[PDB]
Protein chains: 2
Amino acid sequence: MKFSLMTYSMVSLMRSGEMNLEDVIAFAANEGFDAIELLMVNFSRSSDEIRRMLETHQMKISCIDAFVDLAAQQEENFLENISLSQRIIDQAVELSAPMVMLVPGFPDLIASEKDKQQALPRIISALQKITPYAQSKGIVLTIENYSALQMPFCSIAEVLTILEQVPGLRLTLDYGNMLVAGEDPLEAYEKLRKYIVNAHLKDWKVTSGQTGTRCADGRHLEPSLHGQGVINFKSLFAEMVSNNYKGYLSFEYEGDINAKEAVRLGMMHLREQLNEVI
Amino acid sequence: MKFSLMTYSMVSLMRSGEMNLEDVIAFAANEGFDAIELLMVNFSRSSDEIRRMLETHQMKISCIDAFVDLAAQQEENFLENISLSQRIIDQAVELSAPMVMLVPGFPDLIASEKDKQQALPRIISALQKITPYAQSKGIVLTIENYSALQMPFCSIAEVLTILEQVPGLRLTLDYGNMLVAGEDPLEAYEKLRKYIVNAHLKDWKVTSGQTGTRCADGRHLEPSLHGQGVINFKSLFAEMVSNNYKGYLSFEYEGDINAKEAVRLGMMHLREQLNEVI
Ligand SMILES: [Mn+2]
Ligand SMILES: [Mn+2]
């Protein structure tokens with residue numbers, strides 16, 4: 001039951017220039033994380049440089065995350081996105097990360113029911129091409145269940161449909177995203193357990209006005225510090241220990257509290273809950 | 001002073017299957033719009049049937065909108081995104097749309113201040129290749145000022161810096177997005193007037209909790225029906241009339257009110273304000 005810190009959780013401070021990637025790695029080390037989950041949106045940093053930072057701070061990468069448009073209808077773009085996915089797998093090899101997580105589409109690019117219906121077999125086809133490459137390189141490929149419901153990979157049923165058609169594909173369960181999709185997060189873990197090799201932990205609190213995140217049941221949702229919202233982390237941890245889960249628990253925070261403070265506060269809660277289970 | 005309906009404003013009902021594209025075109029005609037502004041996320045609709053729908057309902061396309069990653073760091077992907085942009089221009093020719101609007105990056109793909117700095121010259125170089133192609137096809141190419149501030153095309157200064165480096169490039173001014181960026185919308189119009197060939201009209205109201213849109217000055221923002229928020233549309237209309245603006249005013253709504261109701265309500269307000277000017 002090791003914890004990893006998503007670099008995406010620190011994106012506010014990376015965007016302001018207050019933290020660079022090495023600062024995020026050093027902060028993860030200082031806060032007792034076993035790994036980082038590295039969001040990769042370009043290859044501008046050399047592998048040598050990242051490896052140096054990891055060695056300096058005695059840190060590992062548990063998983064590399066990327067957004068890739070595997071729903072692309074244009075053949076040349078679709079093919080280049082499969083190629084980009086293979087480049088990401090190569091980066092995992094170079095950086096000793098055991099796993100990749102792809103978000104295989106973009107919500108603004110699905111603008112109708114027909115678009116969603118067409119995106120699904122396209123995404124499946126792409127993953128059927130990418131996963132064998134990942135396997136040949138010794139890398140575990142996952143997708144994440146998402147929060148924008150026009151994407152055909154949010155509900156338990158949607159993610160199961162993909163996983164059952166892509167040999168060897170695994171799942172990063174974003175526990176909080178399941179709430180947005182109208183699912184019970186614990187039931188999602190139970191139904192998808194055999195596929196779950198990685199997990200994202202984030203929390204939500206209910207609001208009165210629009211947020212750009214409304215779950216299927218109508219409740220307005222705002223990112224919450226972990227333990228201050230509605231997600232029951234202890235029940236998940238109890239089931240995971242019961243089932244001898246061996247993956248990482250990745251800290252995700254998408255809110256507006258200072259990112260370092262949010263990590264310190266939320267990890268206090270998550271560690272307390274895990275200790276109650278252990 | 002003509003009005004166009006963004007098909008994006010109807011995206012909720014297209015995603016739910018309640019409206020198809022022809023329904024949006026017929027709705028626009030029934031509500032007295034001169035045109036639609038068509039969001040194009042794929043080429044799956046046949047040009048012949050779109051043209052048929054437009055003739056049936058006596059409607060036009062004022063502008064085609066698309067999202068393309070012109071900041072892509074990987075050369076193969078970047079070149080294919082230039083090619084995709086040229087294909088979008090070809091669709092504008094096939095559909096008799098006189099104008100294209102590109103959103104030239106994706107906010108989740110800019111994860112640091114360094115990424116923003118590197119993205120800007122990349123986007124400019126792409127637009128320097130795409131704009132002569134548009135010119136060769138008689139199409140006016142625009143970008144839109146955006147709302148996620150990690151993208152180097154949100155402030156007045158950022159948009160002006162791009163426009164002044166790309167001969168013939170023009171601007172779709174999203175009046176509400178300027179408010180997100182901490183600018184005065186009317187001042188944005190005044191400073192960018194010579195480039196503005198299309199405009200998006202949307203409104204915002206002020207809220208207390210997290211929304212995924214925080215204005216640069218700290219106010220949390222919620223999509224508003226036009227006239228119920230803080231954007232002064234009459235001042236803009238007065239200046240556009242004084243300057244004899246010849247483009248379209250495009251109706252944008254990103255909120256959760258039923259999309260047909262939102263069009264009817266917001267257009268009542270906007271037409272009243274325009275009538276007060278004339
Ligand atoms: Mn996640
Ligand atoms: Mn707009």
# chains A, B, ... in the order shown; residues from 1 in each chain; ligands from 1
>>> select_by_dssp(residues="region 29-261 of chain B", states="alpha helix (DSSP H)", output="ChimeraX atom specification")
/B:29-30,47-56,75-94,113-136,156-163,175-180,185-192,233-242,259-261
>>> closest_atom_pairs(of="chain A", to="ligand 1", cutoff="7 Å", atoms="only C-alpha atoms and all ligand atoms", output="Markdown table")
| residue | atom | partner | partner_atom_place_in_ligand_line | distance |
| --- | --- | --- | --- | --- |
| A:144 | CA | ligand 1 | 1 (Mn) | 6.7 |
| A:174 | CA | ligand 1 | 1 (Mn) | 4.9 |
| A:200 | CA | ligand 1 | 1 (Mn) | 5.2 |
| A:252 | CA | ligand 1 | 1 (Mn) | 6.5 |
>>> write_last_selection(atoms="N, CA, C and O atoms", output="CSV table (one decimal), in the first residue's frame")
chain,number,residue,atom,x,y,z
A,144,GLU,N,-7.5,5.2,-17.6
A,144,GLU,CA,-8.2,5.7,-16.4
A,144,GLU,C,-9.7,5.9,-16.8
A,144,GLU,O,-10.0,6.4,-17.9
A,174,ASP,N,-9.6,5.7,-11.0
A,174,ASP,CA,-9.8,7.0,-10.3
A,174,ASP,C,-11.0,6.9,-9.5
A,174,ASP,O,-12.1,7.0,-10.1
A,200,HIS,N,-6.0,6.3,-8.4
A,200,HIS,CA,-5.9,7.8,-8.1
A,200,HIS,C,-6.9,8.1,-6.9
A,200,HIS,O,-8.1,7.7,-7.0
A,252,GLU,N,-4.1,12.6,-5.9
A,252,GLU,CA,-4.6,13.6,-6.8
A,252,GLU,C,-5.3,14.7,-6.1
A,252,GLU,O,-6.2,14.5,-5.3
>>> closest_residue(among="B:35, B:103, B:171, B:230", to="chain A", atoms="only C-alpha atoms")
B:103
>>> closest_atom_pairs(of="chain B", to="ligand 2", cutoff="10 Å", atoms="only C-alpha atoms and all ligand atoms", output="JSON lines")
{"residue": "B:6", "atom": "CA", "partner": "ligand 2", "partner_atom_place_in_ligand_line": "1 (Mn)", "distance": 8.8}
{"residue": "B:8", "atom": "CA", "partner": "ligand 2", "partner_atom_place_in_ligand_line": "1 (Mn)", "distance": 9.0}
{"residue": "B:9", "atom": "CA", "partner": "ligand 2", "partner_atom_place_in_ligand_line": "1 (Mn)", "distance": 9.7}
{"residue": "B:65", "atom": "CA", "partner": "ligand 2", "partner_atom_place_in_ligand_line": "1 (Mn)", "distance": 9.3}
{"residue": "B:101", "atom": "CA", "partner": "ligand 2", "partner_atom_place_in_ligand_line": "1 (Mn)", "distance": 9.6}
{"residue": "B:103", "atom": "CA", "partner": "ligand 2", "partner_atom_place_in_ligand_line": "1 (Mn)", "distance": 9.2}
{"residue": "B:144", "atom": "CA", "partner": "ligand 2", "partner_atom_place_in_ligand_line": "1 (Mn)", "distance": 6.8}
{"residue": "B:145", "atom": "CA", "partner": "ligand 2", "partner_atom_place_in_ligand_line": "1 (Mn)", "distance": 7.8}
{"residue": "B:146", "atom": "CA", "partner": "ligand 2", "partner_atom_place_in_ligand_line": "1 (Mn)", "distance": 7.5}
{"residue": "B:147", "atom": "CA", "partner": "ligand 2", "partner_atom_place_in_ligand_line": "1 (Mn)", "distance": 9.0}
{"residue": "B:172", "atom": "CA", "partner": "ligand 2", "partner_atom_place_in_ligand_line": "1 (Mn)", "distance": 8.0}
{"residue": "B:173", "atom": "CA", "partner": "ligand 2", "partner_atom_place_in_ligand_line": "1 (Mn)", "distance": 7.7}
{"residue": "B:174", "atom": "CA", "partner": "ligand 2", "partner_atom_place_in_ligand_line": "1 (Mn)", "distance": 4.9}
{"residue": "B:175", "atom": "CA", "partner": "ligand 2", "partner_atom_place_in_ligand_line": "1 (Mn)", "distance": 8.0}
{"residue": "B:176", "atom": "CA", "partner": "ligand 2", "partner_atom_place_in_ligand_line": "1 (Mn)", "distance": 7.9}
{"residue": "B:177", "atom": "CA", "partner": "ligand 2", "partner_atom_place_in_ligand_line": "1 (Mn)", "distance": 7.2}
{"residue": "B:199", "atom": "CA", "partner": "ligand 2", "partner_atom_place_in_ligand_line": "1 (Mn)", "distance": 8.0}
{"residue": "B:200", "atom": "CA", "partner": "ligand 2", "partner_atom_place_in_ligand_line": "1 (Mn)", "distance": 5.2}
{"residue": "B:201", "atom": "CA", "partner": "ligand 2", "partner_atom_place_in_ligand_line": "1 (Mn)", "distance": 7.5}
{"residue": "B:202", "atom": "CA", "partner": "ligand 2", "partner_atom_place_in_ligand_line": "1 (Mn)", "distance": 7.7}
{"residue": "B:250", "atom": "CA", "partner": "ligand 2", "partner_atom_place_in_ligand_line": "1 (Mn)", "distance": 8.6}
{"residue": "B:251", "atom": "CA", "partner": "ligand 2", "partner_atom_place_in_ligand_line": "1 (Mn)", "distance": 8.9}
{"residue": "B:252", "atom": "CA", "partner": "ligand 2", "partner_atom_place_in_ligand_line": "1 (Mn)", "distance": 6.5}
{"residue": "B:253", "atom": "CA", "partner": "ligand 2", "partner_atom_place_in_ligand_line": "1 (Mn)", "distance": 8.9}
{"residue": "B:254", "atom": "CA", "partner": "ligand 2", "partner_atom_place_in_ligand_line": "1 (Mn)", "distance": 9.4}
>>> atom_distance(atom1="CA of residue 149 (chain A)", atom2="CA of residue 124 (chain A)")
17.2 Å
>>> select_by_dssp(residues="region 16-252 of chain B", states="strand (DSSP E or B)", output="PDB file with N, CA and C atoms, in the first residue's frame")
ATOM      1  N   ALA B  35     -26.968  32.683 -39.250  1.00  0.00           N
ATOM      2  CA  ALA B  35     -25.985  31.657 -39.549  1.00  0.00           C
ATOM      3  C   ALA B  35     -25.828  30.778 -38.324  1.00  0.00           C
ATOM      4  N   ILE B  36     -25.116  29.673 -38.526  1.00  0.00           N
ATOM      5  CA  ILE B  36     -24.566  28.877 -37.436  1.00  0.00           C
ATOM      6  C   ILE B  36     -23.052  28.962 -37.506  1.00  0.00           C
ATOM      7  N   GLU B  37     -22.409  28.795 -36.351  1.00  0.00           N
ATOM      8  CA  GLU B  37     -20.958  28.653 -36.278  1.00  0.00           C
ATOM      9  C   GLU B  37     -20.721  27.193 -35.902  1.00  0.00           C
ATOM     10  N   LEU B  38     -20.162  26.434 -36.832  1.00  0.00           N
ATOM     11  CA  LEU B  38     -20.172  24.982 -36.720  1.00  0.00           C
ATOM     12  C   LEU B  38     -18.910  24.488 -36.030  1.00  0.00           C
ATOM     13  N   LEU B  39     -19.068  23.840 -34.878  1.00  0.00           N
ATOM     14  CA  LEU B  39     -17.943  23.147 -34.260  1.00  0.00           C
ATOM     15  C   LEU B  39     -17.670  21.846 -35.001  1.00  0.00           C
ATOM     16  N   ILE B  61     -23.319  28.862 -42.827  1.00  0.00           N
ATOM     17  CA  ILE B  61     -22.290  28.703 -41.797  1.00  0.00           C
ATOM     18  C   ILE B  61     -21.393  29.930 -41.839  1.00  0.00           C
ATOM     19  N   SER B  62     -21.324  30.661 -40.728  1.00  0.00           N
ATOM     20  CA  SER B  62     -20.490  31.856 -40.660  1.00  0.00           C
ATOM     21  C   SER B  62     -19.023  31.532 -40.439  1.00  0.00           C
ATOM     22  N   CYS B  63     -18.742  30.432 -39.761  1.00  0.00           N
ATOM     23  CA  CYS B  63     -17.390  30.126 -39.330  1.00  0.00           C
ATOM     24  C   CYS B  63     -17.396  28.678 -38.882  1.00  0.00           C
ATOM     25  N   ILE B  64     -16.294  27.974 -39.138  1.00  0.00           N
ATOM     26  CA  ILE B  64     -16.081  26.621 -38.626  1.00  0.00           C
ATOM     27  C   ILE B  64     -15.076  26.724 -37.489  1.00  0.00           C
ATOM     28  N   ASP B  65     -15.389  26.117 -36.344  1.00  0.00           N
ATOM     29  CA  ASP B  65     -14.498  26.120 -35.189  1.00  0.00           C
ATOM     30  C   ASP B  65     -13.829  24.766 -35.046  1.00  0.00           C
ATOM     31  N   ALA B  66     -12.559  24.764 -34.635  1.00  0.00           N
ATOM     32  CA  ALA B  66     -11.888  23.497 -34.404  1.00  0.00           C
ATOM     33  C   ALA B  66     -10.784  23.674 -33.373  1.00  0.00           C
ATOM     34  N   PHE B  67     -10.490  22.585 -32.670  1.00  0.00           N
ATOM     35  CA  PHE B  67      -9.380  22.518 -31.719  1.00  0.00           C
ATOM     36  C   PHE B  67      -8.253  21.734 -32.374  1.00  0.00           C
ATOM     37  N   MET B  99     -14.927  31.441 -43.048  1.00  0.00           N
ATOM     38  CA  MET B  99     -14.007  31.707 -41.957  1.00  0.00           C
ATOM     39  C   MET B  99     -13.812  30.431 -41.149  1.00  0.00           C
ATOM     40  N   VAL B 100     -12.605  30.287 -40.601  1.00  0.00           N
ATOM     41  CA  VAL B 100     -12.262  29.225 -39.662  1.00  0.00           C
ATOM     42  C   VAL B 100     -11.738  29.872 -38.381  1.00  0.00           C
ATOM     43  N   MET B 101     -12.072  29.285 -37.240  1.00  0.00           N
ATOM     44  CA  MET B 101     -11.526  29.693 -35.955  1.00  0.00           C
ATOM     45  C   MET B 101     -10.854  28.482 -35.337  1.00  0.00           C
ATOM     46  N   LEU B 102      -9.561  28.603 -35.052  1.00  0.00           N
ATOM     47  CA  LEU B 102      -8.808  27.541 -34.403  1.00  0.00           C
ATOM     48  C   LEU B 102      -8.525  27.915 -32.964  1.00  0.00           C
ATOM     49  N   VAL B 103      -8.746  26.963 -32.067  1.00  0.00           N
ATOM     50  CA  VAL B 103      -8.168  26.992 -30.731  1.00  0.00           C
ATOM     51  C   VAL B 103      -6.867  26.199 -30.808  1.00  0.00           C
ATOM     52  N   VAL B 140     -10.860  33.191 -44.395  1.00  0.00           N
ATOM     53  CA  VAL B 140     -10.284  34.017 -43.334  1.00  0.00           C
ATOM     54  C   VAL B 140      -9.994  33.109 -42.147  1.00  0.00           C
ATOM     55  N   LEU B 141      -8.734  33.059 -41.726  1.00  0.00           N
ATOM     56  CA  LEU B 141      -8.332  32.238 -40.590  1.00  0.00           C
ATOM     57  C   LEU B 141      -8.272  33.107 -39.339  1.00  0.00           C
ATOM     58  N   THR B 142      -8.877  32.621 -38.263  1.00  0.00           N
ATOM     59  CA  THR B 142      -8.796  33.297 -36.978  1.00  0.00           C
ATOM     60  C   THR B 142      -8.340  32.328 -35.901  1.00  0.00           C
ATOM     61  N   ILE B 143      -7.815  32.914 -34.833  1.00  0.00           N
ATOM     62  CA  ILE B 143      -7.757  32.237 -33.544  1.00  0.00           C
ATOM     63  C   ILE B 143      -8.753  32.896 -32.600  1.00  0.00           C
ATOM     64  N   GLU B 144      -8.984  32.249 -31.467  1.00  0.00           N
ATOM     65  CA  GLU B 144      -9.823  32.807 -30.418  1.00  0.00           C
ATOM     66  C   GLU B 144      -8.966  33.056 -29.179  1.00  0.00           C
ATOM     67  N   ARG B 170      -6.475  36.706 -38.363  1.00  0.00           N
ATOM     68  CA  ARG B 170      -7.485  37.571 -37.766  1.00  0.00           C
ATOM     69  C   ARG B 170      -7.935  36.957 -36.442  1.00  0.00           C
ATOM     70  N   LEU B 171      -8.869  37.634 -35.766  1.00  0.00           N
ATOM     71  CA  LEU B 171      -9.263  37.294 -34.401  1.00  0.00           C
ATOM     72  C   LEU B 171     -10.762  37.090 -34.319  1.00  0.00           C
ATOM     73  N   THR B 172     -11.165  35.985 -33.681  1.00  0.00           N
ATOM     74  CA  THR B 172     -12.501  35.857 -33.107  1.00  0.00           C
ATOM     75  C   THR B 172     -12.365  36.293 -31.658  1.00  0.00           C
ATOM     76  N   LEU B 173     -12.976  37.433 -31.309  1.00  0.00           N
ATOM     77  CA  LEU B 173     -12.903  37.951 -29.941  1.00  0.00           C
ATOM     78  C   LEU B 173     -13.970  37.263 -29.110  1.00  0.00           C
ATOM     79  N   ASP B 174     -13.549  36.440 -28.156  1.00  0.00           N
ATOM     80  CA  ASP B 174     -14.493  35.914 -27.175  1.00  0.00           C
ATOM     81  C   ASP B 174     -14.539  36.908 -26.028  1.00  0.00           C
ATOM     82  N   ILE B 196     -10.406  42.084 -35.472  1.00  0.00           N
ATOM     83  CA  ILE B 196     -11.586  41.351 -35.011  1.00  0.00           C
ATOM     84  C   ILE B 196     -12.579  41.220 -36.160  1.00  0.00           C
ATOM     85  N   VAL B 197     -12.806  39.981 -36.592  1.00  0.00           N
ATOM     86  CA  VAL B 197     -13.679  39.684 -37.720  1.00  0.00           C
ATOM     87  C   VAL B 197     -14.847  38.806 -37.324  1.00  0.00           C
ATOM     88  N   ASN B 198     -14.908  38.382 -36.065  1.00  0.00           N
ATOM     89  CA  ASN B 198     -15.929  37.484 -35.545  1.00  0.00           C
ATOM     90  C   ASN B 198     -15.898  37.701 -34.044  1.00  0.00           C
ATOM     91  N   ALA B 199     -17.027  37.466 -33.385  1.00  0.00           N
ATOM     92  CA  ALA B 199     -17.078  37.661 -31.948  1.00  0.00           C
ATOM     93  C   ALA B 199     -17.965  36.600 -31.332  1.00  0.00           C
ATOM     94  N   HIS B 200     -17.568  36.129 -30.154  1.00  0.00           N
ATOM     95  CA  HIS B 200     -18.383  35.228 -29.355  1.00  0.00           C
ATOM     96  C   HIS B 200     -18.930  36.007 -28.172  1.00  0.00           C
ATOM     97  N   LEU B 201     -20.234  35.888 -27.957  1.00  0.00           N
ATOM     98  CA  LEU B 201     -20.917  36.565 -26.858  1.00  0.00           C
ATOM     99  C   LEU B 201     -21.333  35.538 -25.820  1.00  0.00           C
ATOM    100  N   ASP B 203     -21.816  35.266 -21.229  1.00  0.00           N
ATOM    101  CA  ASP B 203     -21.923  36.024 -19.996  1.00  0.00           C
ATOM    102  C   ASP B 203     -21.499  35.168 -18.807  1.00  0.00           C
ATOM    103  N   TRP B 204     -21.115  35.851 -17.730  1.00  0.00           N
ATOM    104  CA  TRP B 204     -20.680  35.196 -16.510  1.00  0.00           C
ATOM    105  C   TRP B 204     -21.326  35.893 -15.329  1.00  0.00           C
ATOM    106  N   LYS B 205     -21.644  35.110 -14.301  1.00  0.00           N
ATOM    107  CA  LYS B 205     -22.087  35.605 -13.005  1.00  0.00           C
ATOM    108  C   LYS B 205     -21.088  35.177 -11.932  1.00  0.00           C
ATOM    109  N   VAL B 206     -21.063  35.917 -10.820  1.00  0.00           N
ATOM    110  CA  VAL B 206     -20.061  35.719  -9.773  1.00  0.00           C
ATOM    111  C   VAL B 206     -20.587  34.728  -8.742  1.00  0.00           C
ATOM    112  N   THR B 207     -19.722  33.815  -8.294  1.00  0.00           N
ATOM    113  CA  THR B 207     -20.107  32.766  -7.358  1.00  0.00           C
ATOM    114  C   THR B 207     -19.079  32.632  -6.239  1.00  0.00           C
ATOM    115  N   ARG B 214     -11.840  30.601 -12.610  1.00  0.00           N
ATOM    116  CA  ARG B 214     -11.600  31.693 -11.678  1.00  0.00           C
ATOM    117  C   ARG B 214     -11.008  32.848 -12.471  1.00  0.00           C
ATOM    118  N   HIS B 220     -14.791  33.938  -8.531  1.00  0.00           N
ATOM    119  CA  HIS B 220     -15.208  32.676  -9.126  1.00  0.00           C
ATOM    120  C   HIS B 220     -16.339  32.957 -10.108  1.00  0.00           C
ATOM    121  N   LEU B 221     -16.274  32.348 -11.294  1.00  0.00           N
ATOM    122  CA  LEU B 221     -17.225  32.641 -12.366  1.00  0.00           C
ATOM    123  C   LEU B 221     -18.029  31.409 -12.766  1.00  0.00           C
ATOM    124  N   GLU B 222     -19.328  31.626 -13.008  1.00  0.00           N
ATOM    125  CA  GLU B 222     -20.335  30.678 -13.457  1.00  0.00           C
ATOM    126  C   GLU B 222     -20.901  31.156 -14.786  1.00  0.00           C
ATOM    127  N   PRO B 223     -21.100  30.280 -15.778  1.00  0.00           N
ATOM    128  CA  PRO B 223     -21.818  30.709 -16.988  1.00  0.00           C
ATOM    129  C   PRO B 223     -23.165  31.323 -16.638  1.00  0.00           C
ATOM    130  N   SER B 224     -23.524  32.383 -17.340  1.00  0.00           N
ATOM    131  CA  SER B 224     -24.769  33.076 -17.069  1.00  0.00           C
ATOM    132  C   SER B 224     -25.569  33.192 -18.353  1.00  0.00           C
ATOM    133  N   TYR B 248     -20.121  38.683 -37.703  1.00  0.00           N
ATOM    134  CA  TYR B 248     -21.247  38.131 -36.970  1.00  0.00           C
ATOM    135  C   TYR B 248     -20.996  38.269 -35.476  1.00  0.00           C
ATOM    136  N   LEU B 249     -22.090  38.327 -34.720  1.00  0.00           N
ATOM    137  CA  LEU B 249     -22.082  38.175 -33.273  1.00  0.00           C
ATOM    138  C   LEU B 249     -22.573  36.764 -32.985  1.00  0.00           C
ATOM    139  N   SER B 250     -21.713  35.921 -32.423  1.00  0.00           N
ATOM    140  CA  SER B 250     -22.037  34.516 -32.246  1.00  0.00           C
ATOM    141  C   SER B 250     -22.484  34.227 -30.820  1.00  0.00           C
ATOM    142  N   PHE B 251     -23.596  33.522 -30.696  1.00  0.00           N
ATOM    143  CA  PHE B 251     -24.178  33.233 -29.392  1.00  0.00           C
ATOM    144  C   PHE B 251     -23.516  32.001 -28.782  1.00  0.00           C
TER     145      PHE B 251
END
>>> interface_residues(of="chain A", to="chain B", cutoff="9 Å", atoms="only C-alpha atoms", output="PyMOL selection string")
chain A and resi 8+11-17+19-21+39-44+66-67+72-74+76-77+80-81+84+108-116+150+207-213+221-223+255-256
>>> write_last_selection(atoms="C-alpha atoms", output="PDB file, in the first residue's frame")
ATOM      1  CA  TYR A   8      -0.406  16.861 -11.958  1.00  0.00           C
ATOM      2  CA  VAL A  11       0.449  21.745 -11.756  1.00  0.00           C
ATOM      3  CA  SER A  12      -0.676  25.092 -10.309  1.00  0.00           C
ATOM      4  CA  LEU A  13       2.762  25.691  -8.835  1.00  0.00           C
ATOM      5  CA  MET A  14       4.522  24.408 -11.925  1.00  0.00           C
ATOM      6  CA  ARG A  15       2.421  26.757 -14.051  1.00  0.00           C
ATOM      7  CA  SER A  16       3.299  29.737 -11.860  1.00  0.00           C
ATOM      8  CA  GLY A  17       7.013  28.879 -12.004  1.00  0.00           C
ATOM      9  CA  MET A  19       8.128  24.681  -8.631  1.00  0.00           C
ATOM     10  CA  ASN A  20      10.036  22.853 -11.338  1.00  0.00           C
ATOM     11  CA  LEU A  21       9.942  19.097 -11.802  1.00  0.00           C
ATOM     12  CA  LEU A  39       2.447  13.584 -16.196  1.00  0.00           C
ATOM     13  CA  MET A  40       4.238  13.725 -19.535  1.00  0.00           C
ATOM     14  CA  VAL A  41       2.951  16.256 -22.078  1.00  0.00           C
ATOM     15  CA  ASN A  42       6.178  16.646 -24.067  1.00  0.00           C
ATOM     16  CA  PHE A  43       9.653  15.149 -24.341  1.00  0.00           C
ATOM     17  CA  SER A  44      11.468  18.413 -23.713  1.00  0.00           C
ATOM     18  CA  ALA A  66      -0.392  11.051 -20.865  1.00  0.00           C
ATOM     19  CA  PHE A  67      -3.361  12.462 -22.809  1.00  0.00           C
ATOM     20  CA  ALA A  72      -9.085  10.666 -33.778  1.00  0.00           C
ATOM     21  CA  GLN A  73     -11.217  10.105 -36.881  1.00  0.00           C
ATOM     22  CA  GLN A  74      -8.561  11.443 -39.259  1.00  0.00           C
ATOM     23  CA  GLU A  76      -3.052  10.302 -40.265  1.00  0.00           C
ATOM     24  CA  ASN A  77      -3.639  11.871 -36.850  1.00  0.00           C
ATOM     25  CA  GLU A  80       0.528   9.568 -35.167  1.00  0.00           C
ATOM     26  CA  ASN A  81      -1.256   9.246 -31.833  1.00  0.00           C
ATOM     27  CA  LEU A  84       3.100   8.949 -29.685  1.00  0.00           C
ATOM     28  CA  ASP A 108     -14.167  18.913 -26.208  1.00  0.00           C
ATOM     29  CA  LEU A 109     -13.670  16.594 -29.205  1.00  0.00           C
ATOM     30  CA  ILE A 110     -16.852  14.559 -28.531  1.00  0.00           C
ATOM     31  CA  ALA A 111     -19.732  16.867 -29.418  1.00  0.00           C
ATOM     32  CA  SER A 112     -22.656  14.512 -30.078  1.00  0.00           C
ATOM     33  CA  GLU A 113     -24.051  11.108 -29.228  1.00  0.00           C
ATOM     34  CA  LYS A 114     -22.835   9.874 -32.616  1.00  0.00           C
ATOM     35  CA  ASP A 115     -19.321  11.132 -31.841  1.00  0.00           C
ATOM     36  CA  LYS A 116     -19.303   9.097 -28.623  1.00  0.00           C
ATOM     37  CA  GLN A 150     -19.480  12.007 -23.257  1.00  0.00           C
ATOM     38  CA  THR A 207     -21.857  22.655  -3.897  1.00  0.00           C
ATOM     39  CA  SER A 208     -24.877  24.793  -4.784  1.00  0.00           C
ATOM     40  CA  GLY A 209     -23.806  26.307  -8.121  1.00  0.00           C
ATOM     41  CA  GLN A 210     -22.262  25.218 -11.390  1.00  0.00           C
ATOM     42  CA  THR A 211     -18.700  23.885 -11.389  1.00  0.00           C
ATOM     43  CA  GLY A 212     -18.090  22.175 -14.716  1.00  0.00           C
ATOM     44  CA  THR A 213     -18.245  18.917 -12.747  1.00  0.00           C
ATOM     45  CA  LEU A 221     -19.105  18.915  -7.151  1.00  0.00           C
ATOM     46  CA  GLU A 222     -16.020  20.841  -6.051  1.00  0.00           C
ATOM     47  CA  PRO A 223     -12.535  19.388  -5.432  1.00  0.00           C
ATOM     48  CA  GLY A 255      -8.522  22.190  -6.150  1.00  0.00           C
ATOM     49  CA  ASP A 256      -7.398  25.745  -5.481  1.00  0.00           C
TER      50      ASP A 256
END
>>> atom_distance(atom1="CA of residue 139 (chain B)", atom2="CA of residue 53 (chain B)")
21.7 Å
